[PDB]
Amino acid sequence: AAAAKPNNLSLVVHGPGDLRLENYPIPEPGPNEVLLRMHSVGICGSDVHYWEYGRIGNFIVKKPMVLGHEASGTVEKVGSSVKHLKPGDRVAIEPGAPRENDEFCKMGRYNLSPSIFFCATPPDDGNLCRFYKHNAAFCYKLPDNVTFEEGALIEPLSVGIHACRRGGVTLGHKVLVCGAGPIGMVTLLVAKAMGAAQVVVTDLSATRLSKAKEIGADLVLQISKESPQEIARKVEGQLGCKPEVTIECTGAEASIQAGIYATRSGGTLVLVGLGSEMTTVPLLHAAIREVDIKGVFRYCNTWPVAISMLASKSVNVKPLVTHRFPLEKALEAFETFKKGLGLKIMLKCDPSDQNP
């Protein structure tokens, strides 16, 4: 009998509350794709939400979908046209890969390309499996002094990088970050790395705020039942001034209103968190003080920069990982996520290496 073939066990969502571990064919890379032996994949609210509700807004799982989109792996095989990667290369995978070179791509904002492929966003299958193929241009080699988990953390870190860029965060800025979830945390890390003089972080959880303090938050504010205006007042009282940039990472209407009231005139309020379709806010207040309201849709051109920051030890995201499980314990990992006691949970897909 022939030698046993490799397997491609994958974590799949079939519908609400229907999560399964099942085998998939081994992908074959096209001329400009590479086949990756998946190593580390972090999970986030998006994956868990698809599992629980089978959808996220207009994004609905109409057919079984493989989850996972924050990952790194090892190049197993390369397509006939791939030149910058070779078997054995450790790489970080940027999940959003444009299908066509449209005007958004040409202008440098490929994240807005309407037909972009994106891991784990229906109908595009994610990378929480053994073997995964991806456009080679969006697989970035990791330096030897950067771990697989760091490579996987580049995905959430990139949201923070993109958010701070969109907000214009720069040297000496006083920045308000609403929310101490993993997104608010990476935003904090990026803001400090970009030279923000003071970063104030808010959240409903004292626990998450204490963690924020641990990694650099200069000031923290636990939100209980204060009004948006009161929050803005407390933030300003703590900073001794109004923050030039507010990065909203909760998606909560009250927080958005607070961001509008708190941001300095001529400043920028970046909306990262996703809330409901409609939001009632004091637009007049923001518009009249020229406080710009800029949204964020994932990211663009952040992987090389993230890798440079990690390789130079300019930022430390390792503290973000609070738990790791092998791919096979995905269900246990998802249930753990729901407990909401951690931050970032890593899934280890390569049986030959379960290390960071």
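Residues carry their position along the shown sequence, with the first being 1.
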Inset, instruction - For the higher mean C-alpha B factor in the entry, choose 319-327 or 293-301. - result: 319-327
Inset, instruction - Could you check the entry and say whether 90-98 or 247-255 has the higher mean CA B-factor? - result: 247-255
Legend entry - Candidate set 192, 242, 141, 213 [ranked by C-alpha B-factor, highest]: 213
Legend entry - 201, 78, 116, 161, ranked by C-alpha B-factor: the highest one: 78
Inset, instruction - Can you work out whether the C-alpha temperature factor of residue 275 puts it in the lowest, middle or highest third of the chain? - result: highest
Inset, instruction - Among all modelled residues of this chain, ranked by Cα B factor, put residue 306 in the bottom, middle or top third, i.e. lowest, middle or highest. - result: lowest
Legend entry - residue 61 CA temperature factor, ranked by third within the chain: highest
Inset, instruction - Quick one: classify residue 106 as lowest, middle or highest third of the chain based on its Cα B-factor. - result: lowest
Legend entry - Ranked C-alpha temperature factor of residue 237 among modelled chain residues, by third: highest
